[PDB]
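*Asks:* PDB, C-alpha atoms, saved as target26.pdb, coming up:
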```pdb
ATOM      1  CA  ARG A  74       7.649  47.493  57.307  1.00  0.00           C
ATOM      2  CA  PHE A  75       9.595  46.919  60.549  1.00  0.00           C
ATOM      3  CA  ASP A  76      12.989  45.545  61.705  1.00  0.00           C
ATOM      4  CA  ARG A  77      15.335  44.968  64.682  1.00  0.00           C
ATOM      5  CA  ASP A  78      17.145  48.300  64.115  1.00  0.00           C
ATOM      6  CA  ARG A  79      13.955  50.381  64.573  1.00  0.00           C
ATOM      7  CA  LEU A  80      12.956  47.903  67.329  1.00  0.00           C
ATOM      8  CA  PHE A  81      16.239  49.006  68.948  1.00  0.00           C
ATOM      9  CA  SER A  82      14.991  52.592  68.399  1.00  0.00           C
ATOM     10  CA  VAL A  83      11.745  51.518  70.158  1.00  0.00           C
ATOM     11  CA  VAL A  84      13.660  50.072  73.151  1.00  0.00           C
ATOM     12  CA  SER A  85      16.189  52.960  73.106  1.00  0.00           C
ATOM     13  CA  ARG A  86      13.297  55.441  73.464  1.00  0.00           C
ATOM     14  CA  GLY A  87      10.657  53.455  75.377  1.00  0.00           C
ATOM     15  CA  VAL A  88       7.788  54.249  72.999  1.00  0.00           C
ATOM     16  CA  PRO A  89       4.258  52.743  73.408  1.00  0.00           C
ATOM     17  CA  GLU A  90       2.936  54.028  70.029  1.00  0.00           C
ATOM     18  CA  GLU A  91       5.372  52.351  67.579  1.00  0.00           C
ATOM     19  CA  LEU A  92       4.309  49.029  69.195  1.00  0.00           C
ATOM     20  CA  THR A  93       0.984  49.392  67.305  1.00  0.00           C
ATOM     21  CA  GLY A  94       0.775  46.882  64.437  1.00  0.00           C
ATOM     22  CA  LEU A  95       3.647  44.680  65.709  1.00  0.00           C
ATOM     23  CA  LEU A  96       1.565  41.577  66.455  1.00  0.00           C
ATOM     24  CA  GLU A  97       0.284  42.345  62.940  1.00  0.00           C
ATOM     25  CA  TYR A  98       3.897  42.645  61.655  1.00  0.00           C
ATOM     26  CA  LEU A  99       4.800  39.337  63.359  1.00  0.00           C
ATOM     27  CA  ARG A 100       1.712  38.016  61.474  1.00  0.00           C
ATOM     28  CA  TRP A 101       2.784  39.695  58.162  1.00  0.00           C
ATOM     29  CA  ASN A 102       5.935  37.505  58.286  1.00  0.00           C
ATOM     30  CA  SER A 103       4.330  34.726  60.412  1.00  0.00           C
ATOM     31  CA  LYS A 104       7.498  34.834  62.548  1.00  0.00           C
ATOM     32  CA  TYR A 105       8.045  35.616  66.249  1.00  0.00           C
ATOM     33  CA  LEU A 106      10.552  37.645  68.310  1.00  0.00           C
ATOM     34  CA  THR A 107      12.676  34.434  68.579  1.00  0.00           C
ATOM     35  CA  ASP A 108      13.879  35.177  64.989  1.00  0.00           C
ATOM     36  CA  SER A 109      17.701  35.313  64.764  1.00  0.00           C
ATOM     37  CA  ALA A 110      17.409  38.501  62.654  1.00  0.00           C
ATOM     38  CA  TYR A 111      15.201  40.214  65.311  1.00  0.00           C
ATOM     39  CA  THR A 112      17.494  39.111  68.124  1.00  0.00           C
ATOM     40  CA  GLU A 113      21.129  40.306  67.859  1.00  0.00           C
ATOM     41  CA  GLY A 114      23.175  37.985  65.611  1.00  0.00           C
ATOM     42  CA  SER A 115      25.921  36.802  67.977  1.00  0.00           C
ATOM     43  CA  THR A 116      24.579  37.553  71.473  1.00  0.00           C
ATOM     44  CA  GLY A 117      20.892  36.668  70.847  1.00  0.00           C
ATOM     45  CA  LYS A 118      20.169  40.019  72.505  1.00  0.00           C
ATOM     46  CA  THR A 119      16.381  40.200  71.979  1.00  0.00           C
ATOM     47  CA  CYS A 120      14.384  43.445  72.044  1.00  0.00           C
ATOM     48  CA  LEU A 121      13.621  42.840  75.752  1.00  0.00           C
ATOM     49  CA  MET A 122      17.369  42.433  76.454  1.00  0.00           C
ATOM     50  CA  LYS A 123      17.978  46.025  75.273  1.00  0.00           C
ATOM     51  CA  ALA A 124      14.595  47.093  76.775  1.00  0.00           C
ATOM     52  CA  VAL A 125      16.157  46.111  80.126  1.00  0.00           C
ATOM     53  CA  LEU A 126      19.116  48.368  79.189  1.00  0.00           C
ATOM     54  CA  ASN A 127      16.637  51.165  78.267  1.00  0.00           C
ATOM     55  CA  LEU A 128      16.393  51.866  82.023  1.00  0.00           C
ATOM     56  CA  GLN A 129      13.696  54.528  81.724  1.00  0.00           C
ATOM     57  CA  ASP A 130      14.110  55.543  85.368  1.00  0.00           C
ATOM     58  CA  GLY A 131      14.330  51.816  86.200  1.00  0.00           C
ATOM     59  CA  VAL A 132      11.072  51.310  84.363  1.00  0.00           C
ATOM     60  CA  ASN A 133      10.712  50.904  80.652  1.00  0.00           C
ATOM     61  CA  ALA A 134       6.888  50.733  80.736  1.00  0.00           C
ATOM     62  CA  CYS A 135       6.840  49.296  77.179  1.00  0.00           C
ATOM     63  CA  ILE A 136       8.393  45.967  78.348  1.00  0.00           C
ATOM     64  CA  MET A 137       4.955  44.708  79.503  1.00  0.00           C
ATOM     65  CA  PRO A 138       3.391  45.525  76.098  1.00  0.00           C
ATOM     66  CA  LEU A 139       6.437  43.684  74.649  1.00  0.00           C
ATOM     67  CA  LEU A 140       5.643  40.759  76.997  1.00  0.00           C
ATOM     68  CA  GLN A 141       2.008  41.171  75.865  1.00  0.00           C
ATOM     69  CA  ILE A 142       3.253  40.955  72.232  1.00  0.00           C
ATOM     70  CA  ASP A 143       5.135  37.804  73.359  1.00  0.00           C
ATOM     71  CA  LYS A 144       1.836  36.406  74.756  1.00  0.00           C
ATOM     72  CA  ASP A 145      -0.263  37.701  71.803  1.00  0.00           C
ATOM     73  CA  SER A 146       2.108  36.152  69.226  1.00  0.00           C
ATOM     74  CA  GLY A 147       1.599  32.681  70.757  1.00  0.00           C
ATOM     75  CA  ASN A 148       5.321  32.068  71.174  1.00  0.00           C
ATOM     76  CA  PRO A 149       6.074  28.435  72.182  1.00  0.00           C
ATOM     77  CA  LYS A 150       9.447  29.536  73.624  1.00  0.00           C
ATOM     78  CA  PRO A 151       8.729  33.071  75.020  1.00  0.00           C
ATOM     79  CA  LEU A 152      11.583  35.602  75.547  1.00  0.00           C
ATOM     80  CA  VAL A 153      10.773  35.573  79.305  1.00  0.00           C
ATOM     81  CA  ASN A 154      13.331  32.682  79.530  1.00  0.00           C
ATOM     82  CA  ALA A 155      15.487  33.564  76.462  1.00  0.00           C
ATOM     83  CA  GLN A 156      19.268  33.196  76.744  1.00  0.00           C
ATOM     84  CA  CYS A 157      22.437  34.417  75.006  1.00  0.00           C
ATOM     85  CA  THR A 158      24.297  31.980  72.730  1.00  0.00           C
ATOM     86  CA  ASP A 159      27.888  33.161  72.059  1.00  0.00           C
ATOM     87  CA  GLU A 160      30.263  32.816  75.033  1.00  0.00           C
ATOM     88  CA  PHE A 161      30.944  36.528  75.827  1.00  0.00           C
ATOM     89  CA  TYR A 162      27.681  36.994  77.801  1.00  0.00           C
ATOM     90  CA  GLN A 163      26.173  33.489  77.330  1.00  0.00           C
ATOM     91  CA  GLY A 164      23.012  32.622  79.294  1.00  0.00           C
ATOM     92  CA  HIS A 165      22.531  36.145  80.605  1.00  0.00           C
ATOM     93  CA  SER A 166      18.704  36.328  80.086  1.00  0.00           C
ATOM     94  CA  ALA A 167      18.636  40.015  80.671  1.00  0.00           C
ATOM     95  CA  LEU A 168      16.104  39.994  83.553  1.00  0.00           C
ATOM     96  CA  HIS A 169      18.784  38.036  85.424  1.00  0.00           C
ATOM     97  CA  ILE A 170      21.335  40.753  84.621  1.00  0.00           C
ATOM     98  CA  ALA A 171      18.773  43.441  85.260  1.00  0.00           C
ATOM     99  CA  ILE A 172      18.784  42.763  88.997  1.00  0.00           C
ATOM    100  CA  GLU A 173      22.248  44.224  88.365  1.00  0.00           C
ATOM    101  CA  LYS A 174      20.437  47.444  87.348  1.00  0.00           C
ATOM    102  CA  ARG A 175      18.742  46.741  90.517  1.00  0.00           C
ATOM    103  CA  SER A 176      16.010  49.162  90.901  1.00  0.00           C
ATOM    104  CA  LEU A 177      13.265  46.701  91.732  1.00  0.00           C
ATOM    105  CA  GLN A 178      10.564  47.278  89.364  1.00  0.00           C
ATOM    106  CA  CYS A 179      11.077  45.073  86.317  1.00  0.00           C
ATOM    107  CA  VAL A 180      11.687  41.801  88.142  1.00  0.00           C
ATOM    108  CA  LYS A 181       8.380  41.724  90.030  1.00  0.00           C
ATOM    109  CA  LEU A 182       6.309  42.551  86.924  1.00  0.00           C
ATOM    110  CA  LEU A 183       8.270  39.803  85.109  1.00  0.00           C
ATOM    111  CA  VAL A 184       7.563  37.453  88.083  1.00  0.00           C
ATOM    112  CA  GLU A 185       3.847  37.899  87.197  1.00  0.00           C
ATOM    113  CA  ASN A 186       4.698  36.603  83.689  1.00  0.00           C
ATOM    114  CA  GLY A 187       6.988  34.025  85.332  1.00  0.00           C
ATOM    115  CA  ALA A 188      10.559  33.320  84.238  1.00  0.00           C
ATOM    116  CA  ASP A 189      12.458  30.341  85.621  1.00  0.00           C
ATOM    117  CA  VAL A 190      14.455  31.337  88.733  1.00  0.00           C
ATOM    118  CA  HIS A 191      16.830  28.317  88.584  1.00  0.00           C
ATOM    119  CA  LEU A 192      18.511  29.056  85.206  1.00  0.00           C
ATOM    120  CA  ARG A 193      22.196  28.168  84.741  1.00  0.00           C
TER
END
```
Output the structure of this file as C-alpha cells.

*Replies:*
Amino acid sequence: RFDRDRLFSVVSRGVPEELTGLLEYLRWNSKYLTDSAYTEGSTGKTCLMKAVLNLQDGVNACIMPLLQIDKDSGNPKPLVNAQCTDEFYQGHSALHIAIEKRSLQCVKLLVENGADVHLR
C-alpha cells in the first residue's frame, strides 16, 4: 500500500529506500504519477513539485530516481513537463520555479532528461 501523503513524506525527507516497489505499486494499480489523486487536487502539485521544495541542500538526490520511476513507468506525458491547473500558481512546472531556489543543481540534471524551455 502507498499514497500521495506518504509520497509527500518521501519528498519531505528525501528518502531513496521507500522508493523501492513504487514502479511495482504503479503496476499494482496500473496507474502513473499523472493521477489526480497522486498529484495535489487543486494545484496538480506532483511529487516532483514538492521534491523541488524538499531542497535537500539544493539537491534532493531522490528526484532522479523519481524521474527514473517516470521513465520506468512508461508515462506518455512525463512529469518533466507537468503544469499546475488552478489559477493560483497555474503553469508553474516546478523546475521552472526551482530556478527561483536557484542553487544550480536540479536544472542541469533535469536538462539531461529534457523539459521544454519555451513553456508559457

*Asks:* The PyMOL selection byres ((chain A and resi 141) around 12) - which residues does that actually catch in the file I just gave you? List them as a PDB file with C-alpha atoms, keeping the file's coordinate frame.

*Replies:*
```pdb
ATOM      1  CA  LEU A  92       4.309  49.029  69.195  1.00  0.00           C
ATOM      2  CA  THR A  93       0.984  49.392  67.305  1.00  0.00           C
ATOM      3  CA  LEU A  95       3.647  44.680  65.709  1.00  0.00           C
ATOM      4  CA  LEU A  96       1.565  41.577  66.455  1.00  0.00           C
ATOM      5  CA  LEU A 106      10.552  37.645  68.310  1.00  0.00           C
ATOM      6  CA  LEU A 121      13.621  42.840  75.752  1.00  0.00           C
ATOM      7  CA  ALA A 134       6.888  50.733  80.736  1.00  0.00           C
ATOM      8  CA  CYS A 135       6.840  49.296  77.179  1.00  0.00           C
ATOM      9  CA  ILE A 136       8.393  45.967  78.348  1.00  0.00           C
ATOM     10  CA  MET A 137       4.955  44.708  79.503  1.00  0.00           C
ATOM     11  CA  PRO A 138       3.391  45.525  76.098  1.00  0.00           C
ATOM     12  CA  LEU A 139       6.437  43.684  74.649  1.00  0.00           C
ATOM     13  CA  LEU A 140       5.643  40.759  76.997  1.00  0.00           C
ATOM     14  CA  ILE A 142       3.253  40.955  72.232  1.00  0.00           C
ATOM     15  CA  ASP A 143       5.135  37.804  73.359  1.00  0.00           C
ATOM     16  CA  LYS A 144       1.836  36.406  74.756  1.00  0.00           C
ATOM     17  CA  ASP A 145      -0.263  37.701  71.803  1.00  0.00           C
ATOM     18  CA  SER A 146       2.108  36.152  69.226  1.00  0.00           C
ATOM     19  CA  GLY A 147       1.599  32.681  70.757  1.00  0.00           C
ATOM     20  CA  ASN A 148       5.321  32.068  71.174  1.00  0.00           C
ATOM     21  CA  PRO A 151       8.729  33.071  75.020  1.00  0.00           C
ATOM     22  CA  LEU A 152      11.583  35.602  75.547  1.00  0.00           C
ATOM     23  CA  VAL A 153      10.773  35.573  79.305  1.00  0.00           C
ATOM     24  CA  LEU A 182       6.309  42.551  86.924  1.00  0.00           C
ATOM     25  CA  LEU A 183       8.270  39.803  85.109  1.00  0.00           C
ATOM     26  CA  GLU A 185       3.847  37.899  87.197  1.00  0.00           C
ATOM     27  CA  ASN A 186       4.698  36.603  83.689  1.00  0.00           C
TER      28      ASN A 186
END
```

*Asks:* Pick from A:190, A:80, A:172, A:184: nearest to residue A:123, with all atoms listed in the file counted?

*Replies:* A:80

*Asks:* In terms of the shortest atom-to-atom distance over all atoms listed in the file, which of A:154, A:88, A:77, A:132 is closest to residue A:120?

*Replies:* A:77

*Asks:* Just how far from atom CA of residue A:81 is atom CA of residue A:159, in Å to one decimal?

*Replies:* 19.9 Å

*Asks:* With distances taken over all atoms listed in the file, which residue among A:193, A:101, A:130, A:87 lies nearest residue A:163?

*Replies:*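 Closest to residue A:163, using all atoms listed in the file: A:193.
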
*Asks:* So what do you get for atom CA of residue A:168 versus atom CA of residue A:97, distance-wise?

*Replies:*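 Calculated distance between atom CA of residue A:168 and atom CA of residue A:97 is 26.1 Å.
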
*Asks:* Calculated over all atoms listed in the file, which of the candidates A:90, A:78, A:173, A:98 has the smallest distance to residue A:110?

*Replies:*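 Ranked by minimum distance to residue A:110, first place goes to A:78.
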
*Asks:* Under the rule that only C-alpha atoms are counted, which of A:91, A:158, A:149, A:129 is the nearest residue to residue A:113?

*Replies:*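 With only C-alpha atoms as the atom set, the closest residue is A:158.
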
*Asks:* The centre and edge lengths of an axis-aligned box containing all atoms of stretch 157-162 of chain A present in the file, extended by 6 Å on each side, are to be given in Å to one decimal, as AutoDock Vina command-line options.

*Replies:*
```
--center_x 26.7 --center_y 34.5 --center_z 74.9 --size_x 20.5 --size_y 17.0 --size_z 17.7
```

*Asks:* Could you state the separation of atom CA of residue A:115 and atom CA of residue A:191 in Å, given to one decimal place?

*Replies:*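 Atom CA of residue A:191 lies at a distance of 24.1 Å from atom CA of residue A:115.
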
*Asks:* Could you tell me which of A:84, A:128, A:157, A:192 comes closest to residue A:109 if we count all atoms listed in the file?

*Replies:*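 The shortest atom-to-atom distance to residue A:109 comes from A:157.
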